[PDB]
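K.L.:
Let's see this in three dimensions:
(3 chains, ligands or ions: 3)
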Amino acid sequence: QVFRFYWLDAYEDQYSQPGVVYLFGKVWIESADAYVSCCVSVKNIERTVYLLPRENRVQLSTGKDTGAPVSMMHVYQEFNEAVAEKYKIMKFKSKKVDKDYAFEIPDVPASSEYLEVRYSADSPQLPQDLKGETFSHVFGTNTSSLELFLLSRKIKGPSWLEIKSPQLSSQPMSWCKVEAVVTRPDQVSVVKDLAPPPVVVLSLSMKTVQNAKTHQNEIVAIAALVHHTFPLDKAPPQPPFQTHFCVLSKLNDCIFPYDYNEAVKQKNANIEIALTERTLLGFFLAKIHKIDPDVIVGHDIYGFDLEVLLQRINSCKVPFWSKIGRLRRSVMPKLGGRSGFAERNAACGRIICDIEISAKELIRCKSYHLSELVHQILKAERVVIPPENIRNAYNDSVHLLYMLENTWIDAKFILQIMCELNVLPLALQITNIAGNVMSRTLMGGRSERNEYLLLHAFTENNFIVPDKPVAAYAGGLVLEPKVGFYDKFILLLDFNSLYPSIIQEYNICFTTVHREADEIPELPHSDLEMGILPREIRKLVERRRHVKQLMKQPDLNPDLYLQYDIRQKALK
DNA sequence: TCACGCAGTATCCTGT
RNA sequence: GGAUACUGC
Ligand SMILES: Nc1nc2c(ncn2[C@H]2C[C@H](O)[C@@H](COP(=O)(O)OP(=O)(O)OP(=O)(O)O)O2)c(=O)[nH]1
Ligand SMILES: [Mg+2]
Ligand SMILES: [Mg+2]
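P.N.:
Residues are numbered from 1 along each chain as shown, chains lettered A, B, ... in the order given. Ligands and ions are numbered 1, 2, ... in the order given. Here you go:
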């Protein structure tokens, strides 16, 4: 009955299904003695809000202070009588909680007795600035469902979760092989000290052509390399790909050179030749559904690959577009938006790895084009197929097979680059340290990681976190140099983790320094206890130090050494 | 729906 | 005065 599964990604739709979080991952099946994809739907993640009592009753901010002391009973009565009826809230459960607070909202004391209201997510949402007669502020009005789930259940990054008393599904809700429904969030718990399971990986490369009339890109070839046991905590497997599949479609005008049959017959049986782009897209979707990859990797996947894939699927009305993702949906996500959030939603439940973003984050190169990346990482030369020659290649079997093999080689290069940098294990480590979702980590950026790190740190220590938002100061000192040439030994003395060590030493934190809503605040007293930000910083620093010790091991492999270096950099 | 800070060097342009 | 780059920590 107890469902033990490893979770990799989480998807929520704030507008369609309120209070539902779709976790995806892997579960172990003895009948097949293997790992299969699973989708668990956590339901009824009730909204939680915190009301801050006033010190003296105020006549709806009209008569100002009245002098009547306020207790939690007064706040509960005010919420039950006025607010609930006004905002159409039917049923709710309220309690009292003593919580601390130190952030950028004035008049909020350090430690106060808040009233915690828990009510379903189907009801309307209270306004942020809602002020009554006994409470002066409301916190948590717009908190998301996924954030509430992760913070309440103390879930940090991919891990093993146990579910007590799972329930089946009345109708299918996902393209996975195993499904379960949790009627409460308290039924999910995290089990520590277990190894990560293998995860399938699919590296895909597309070759297209721009039809001038429509100025729209048309797909003519796709190649994919698939590994069914890619590890998340060990070195990449050699070779980096187990199986492969290639699909090639004739253009809307040109025809094969009356020898493609013999060419494919004599080459191999893994190449699928289709006549219309609709068939190509359908076969690709079916193959993706059958393989069921947890990680899909590519170059410019967010920018060009997935966007063109979805555009062509919409244009060709290819049935079952939702196969591209892991959740069965009827309306396609709107095409557009910043970065690739629309593309991410289209592939909900499947981690997407763009080697461009990871290369930008991890290493430094003059250009992040695929050719330059292959030159700098794999140390190999990649041939380039001119855009104007792909169309003309539909005149001989040899040229068409060469084009398909070029796509295959591009896919292999992408997979090799992914393996070299340890993109996946490093992403897992960073996600576990921070506590965000893996797809967010692999989409790039730094703000989300620290945001979730501090969110977890504060929630664990009984704090009320801020509400999500809806050369400004002096920096370092650069001494004036004595420019010239020096032919004698120059000794460079550098501080170790300067700013983190400053935060630790002087105890700089939200709960220590006394801010006032552009002057430098005074240093905190030395009689206090270490805050949250210092402690977290210390943890990170120690991690880095340990990695450095590993780097110091004598007689270590070069490549591994380099990997360690990268890790160090990341942590720093 | 997004996005780490600041200090510093190098190059180039200002019509209707 | 502005604009465009990318090094350093
Ligand atoms: N916000 C921010 N600050 C940085 C970054 N890189 C360096 N700094 C700042 C904060 C560091 O404490 C300070 C000192 O630079 P260093 O390169 O010597 O790093 P640090 O001393 O922290 O560690 P290390 O000497 O490499 O062991 O410069 C950065 O990428 N972002
Ligand atoms: Mg330093
Ligand atoms: Mg000036």
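
K.L.:
can you map out the helices along the stretch 301-450 of chain A?
P.N.:
Assigned by DSSP state H, counting those that start in this stretch, the stretch 301-450 of chain A shows helices spanning A:306-316, A:341-346, A:355-362, A:370-373, A:387-392, A:397-421, A:423-434, A:438-442, A:447-460.

K.L.:
can you check the stretch 151-300 of chain A too?
P.N.:
Here the stretch 151-300 of chain A has its helices, by DSSP H, counting those that start in this stretch, at A:260-267, A:277-291.

K.L.:
Buried residues in the last one, which are they?
P.N.:
Okay, so that is helix A:277-291. A:277, A:278, A:279, A:280, A:281, A:282, A:283, A:284, A:285, A:287, A:288, A:291 (16 or more other Cβ atoms under 10 Å). To be clear about C-beta, it is placed using only N, CA and C from the backbone, and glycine gets the same treatment.

K.L.:
Go ahead and name everything in contact with it.
P.N.:
Residues from elsewhere that reach helix A:277-291, judged by Cβ atoms under 8 Å, 6 or more residues apart in numbering: A:175, A:200, A:202, A:218-219, A:222, A:224, A:226, A:245, A:247-249, A:252, A:272, A:274, A:309, A:312-313, A:316-321, A:323-324.

K.L.:
let's go with 7 Å and repeat that
P.N.:
Helix A:277-291 is contacted by residues A:175, A:200, A:202, A:218-219, A:222, A:226, A:245, A:247, A:249, A:272, A:274, A:312-313, A:316, A:318, A:320, A:323-324 when judged by Cβ atoms under 7 Å, 6 or more residues apart in numbering.

K.L.:
Just the buried residues of the residues you listed.
P.N.:
A:175, A:200, A:202, A:218-219, A:222, A:226, A:245, A:247, A:249, A:272, A:274, A:312-313, A:316, A:318, A:323-324.

K.L.:
now, which of those lie within strands?
P.N.:
A:200, A:202, A:218, A:219, A:222, A:226, A:245, A:247, A:249, A:272, A:274 (DSSP state E).

K.L.:
excluding its backbone neighbours, what's nearest the spatially most central residue of chain A?
P.N.:
The C-alpha lying nearest the average C-alpha coordinate of chain A belongs to residue A:440 (Cα atoms, centre = their mean; 1.9 Å). Ranked by Cβ to Cβ, 6 or more residues apart in numbering and with sequence neighbours excluded, the top spatial neighbour of residue A:440 is residue A:448, at 5.3 Å.

K.L.:
and the one you found, how many neighbours?
P.N.:
Counted with other Cβ atoms under 10 Å, residues neighbouring residue A:448 total 15.

K.L.:
That one and residue A:122, how far apart?
P.N.:
28 Å (Cβ to Cβ, to the nearest Å).

K.L.:
Return the member of the ones in strands among the buried ones among the contacts of helix A:277-291 nearest to DNA strand B.
P.N.:
Distance to DNA strand B, by Cβ to the nearest atom of the strand, is smallest for residue A:202 among those, at 23.8 Å.

K.L.:
how far away is the closest one from residue A:241?
P.N.:
Distance from residue A:202 to residue A:241, counting by Cβ to Cβ: 9 Å.

K.L.:
Identify the contacts common to the two.
P.N.:
In contact with both residue A:202 and residue A:241: residue A:226, using Cβ under 7 Å, 6+ apart.

K.L.:
Make JSON lines out of the ones in strands among the buried ones among the contacts of helix A:277-291 and add distance to residue A:525.
P.N.:
Converted to JSON lines, those look like this (distance: Cβ to Cβ, whole Å):
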{"residue": "A:200", "distance to residue A:525": "55"}
{"residue": "A:202", "distance to residue A:525": "56"}
{"residue": "A:218", "distance to residue A:525": "68"}
{"residue": "A:219", "distance to residue A:525": "65"}
{"residue": "A:222", "distance to residue A:525": "64"}
{"residue": "A:226", "distance to residue A:525": "60"}
{"residue": "A:245", "distance to residue A:525": "66"}
{"residue": "A:247", "distance to residue A:525": "68"}
{"residue": "A:249", "distance to residue A:525": "72"}
{"residue": "A:272", "distance to residue A:525": "72"}
{"residue": "A:274", "distance to residue A:525": "73"}
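
K.L.:
which one of the residues you listed sits closest to ligand 1?
P.N.:
Of all those, ligand 1 sits closest to residue A:202, with 33.3 Å by Cβ to the nearest ligand atom.

K.L.:
List the contacts of the nearest residue to residue A:303 once chain neighbours are set aside.
P.N.:
Leaving aside its chain neighbours, residue A:303 sits nearest to residue A:340 (7.0 Å; criterion: Cβ to Cβ, 6+ apart). Shown in contact with residue A:340 (Cβ under 7 Å, 6+ apart): A:302, A:303, A:306.
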